[PDB]
Amino acid sequence: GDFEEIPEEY
Amino acid sequence: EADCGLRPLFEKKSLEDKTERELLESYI
Amino acid sequence: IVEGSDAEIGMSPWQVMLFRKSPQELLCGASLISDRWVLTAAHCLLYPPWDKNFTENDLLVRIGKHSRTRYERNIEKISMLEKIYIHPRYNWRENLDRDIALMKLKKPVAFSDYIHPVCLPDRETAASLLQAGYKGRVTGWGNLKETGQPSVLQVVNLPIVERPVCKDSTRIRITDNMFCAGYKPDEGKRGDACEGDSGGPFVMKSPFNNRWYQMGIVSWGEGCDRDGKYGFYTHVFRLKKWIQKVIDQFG
Ligand SMILES: N[C@H](Cc1ccccc1)C(=O)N1CCC[C@H]1C(=O)NCc1cccc(Cl)c1
Ligand code: NA
Ligand code: NA
């Protein structure tokens, strides 16, 4: 949505 | 912790944040 | 937080964001109390009137943050939940009495300039600090008014209010496991928690040992920053026995 995507690892 | 509640960028360096004195002043 | 200000870097290094895995969004606030325990509001995890009932694998903990939306590379740390513990007498049916929960992390988080735990009060610090007129501080990434979203962590200092004024401001049944905070209409100043700030900490800096203590958890309010209304916070010290039992049994 509005949140920067986090690293897939988590 | 033994060190709980002591912030590295403030208490640990004897620096105060911009509004903690408002809290202190309210504590009689 | 409404009528608050941008936090300073490292001002609230115990601040935790509870983050939903899918869709990726802010769920609540929370606080770091040791290298693997996080404290929040029960209603953040379990609130059947809104069909809310989260499991461990549904969430992440984001620690060390400042910006709301950005991924803060090399600063924030993102942690998985090992287990959630909700107060067995949490009252979601009526008034959010005992609105508290613990989260144990899969692995310890590394402390840093931006990540550090808050203290929990002992009986004497609670008796000294929880007095009408004394101010605490509430922090969060929740709405800026009742109904924008902030770019960064927001902060507001609010005075504890006398129990009869808290009781007279609402028709909800208030308990000894809550306190309320905020300015009165005649006091000029304003500010409050709001949606999204749930579960975050109300902290006070002890003038005796100059350490920050988490006295309350953001719990409930009718609207946000309304005149004659107050925010209500879980009384952490009153639920201390439960907190220690959990930590002492599940370590
Ligand atoms: N508006 C309700 C009032 C209510 C209280 C007790 C029990 C049922 C309903 C509430 O605050 N709720 C409904 C359940 C979650 C909580 C909330 O939004 N808390 C966020 C909040 C908002 C403003 C100020 C504060 Cl301190 C906390
Ligand atoms: Na009343
Ligand atoms: Na108000």
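Just a few scattered comments:
- Compared with the rule-of-thumb size 2.2 N^0.38 Å for a compact globular protein, the protein assembly as shown has a Cα radius of gyration ratio of 0.92.
- Computed from the C-beta positions of C:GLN244 and C:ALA110, the FRET efficiency with R₀ = 22 Å rounds to 0.35.
- Per residue of C:81-89, other chain Cβ atoms within 10 Å of the residue Cβ number 0 on average.
- Rg/Rh (Cα only; Kirkwood hydrodynamic radius) as it applies to the range C:11-60: 0.98
- For the range C:93-175, the alpha-carbon coordinates run over 44, 39, 30 Å along the three principal axes, in decreasing order.
- Segment C:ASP35-C:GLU124, length gained on full extension (0.36 nm per residue, minus Cα span): 29.6 nm
- Note on C:129-137: average number of Cβ atoms from other chains within 10 Å of each residue's Cβ is 3.
- Computed over the alpha carbons of the range C:170-233, Rg followed by Dmax gives 12.8, 38 Å.
- Per residue convex hull volume, Cα atoms of chain C, in Å³: 123
- The length gained by stretching the chain between C:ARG93 and C:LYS145 to full extension, at 0.36 nm per residue less their Cα-Cα distance, is 16.1 nm.
- Inter-probe distance in nm under a simple model that places probes 7 Å from Cα toward Cβ, at C:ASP227 and C:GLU187: 1.6
- Rg of the Cα atoms in the range C:1-103, relative to 2.2 N^0.38 Å, amounts to 1.10.
- Pairs spanning more than 28 Å between alpha-carbon atoms, out of C:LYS65/C:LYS229; B:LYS12/C:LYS167; C:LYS52/C:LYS145; C:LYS52/C:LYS107: C:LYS65/C:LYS229; B:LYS12/C:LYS167.
- Here the range C:116-251 was treated as a single set of alpha-carbon atoms; its pair distances binned every 5 Å from 0 give 2, 10, 20, 23, 20, 14, 8, 3, 1, 0 percent.
- Peptide C:2-10 has a mean shielding of 2, counted as Cβ atoms of other protein chains within 10 Å of each residue's Cβ.
- Label-point gap, in nm, between C:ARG70 and C:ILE9 - each point 7 angstrom along Cα→Cβ: 1.0
The numbers here are math on the coordinates, done by the rules we state, and not lab data. Don't worry about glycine lacking a Cβ; one is built from the backbone with ideal geometry, like all the others, and counts go over all protein chains shown.
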